């Protein structure tokens, strides 16, 4: 009757909540995040960072990501930290990834204050958030990436915790676009009308091999990189299934560890956010948290 779309995780799934905390020591809402500790109270919680999907367009949707995936993470026993990032329309790449990295230095540096054990900081996201999650899980320890004559600052200088590591320990990628060389028909780059074109500054990806390489985490997968779980629906009409197939193939051929879960009849979210696959995520994140 009076209806309210779910805003953040349900109230009974957490004991403690800090909302609209800035992680960049500035005044931008694109640089805020929210933190939730489980109901089952403990001395410390290992942490999972989450990122909304939005074709990189949104800068204010951390409550959607919380509402979608936060409850199973809280019930599994992890602190859940949901972040904002800047819109592709207000800062082109690498801005989004510098935001994620800054958010990570924030969580790790201040873990104690939030009763976070920084022993483990996993990361997850859906769609473009899954992209950003994955881009972090293949760039632990990297401050710039260069392709041809193009150089991008991945770590950035955002905020006041630059000495703290900006690394993540495990990744769950929910149907993210991770191979932009093959987004069109799964064989080619898209044209300049698409969200990756805006991400690289309204250039035609078909003309920009270097930009396309440096927004595509599939290009940096290494044997030693943190393990990853990839979940994609085989009827996804927005980001094609082939993306996740490719990412898994690359993890497999580089000597790294990827699990790929394909969701039959799964849309771009629909059918994928079932108990079954939330469990795949929480089981994964638990095994990683303990190993």
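Positions refer to the first chain, counted from 1.
- Just going by the entry, 199-207 versus 145-153 on mean CA temperature factor gives the higher value to 145-153.
- A summary of the deposited B-factors shows that, of 35-43 and 53-61, the stretch with the larger mean C-alpha value is 35-43.
- Of the candidates 86, 131, 75, 182, the one whose C-alpha carries the top B factor in the deposited record is 75.
- Set against one another, the Cα B-factors of 161, 220, 175, 93 in the record reach their highest point at 161.
- Among the modelled residues of its chain, residue 118 has a C-alpha B-factor that falls in the highest third, as given in the PDB entry.
- The deposited CA B-factor of residue 224 belongs to the highest third of values across its chain.
- For residue 140, the recorded CA temperature factor ranks within the highest third of the chain's modelled residues.
- Among the modelled residues of its chain, residue 21 has a C-alpha B-factor that falls in the middle third according to the deposited record.
- For residue 104, the recorded CA B-factor ranks within the middle third of the chain. Only modelled residues enter the ranking.
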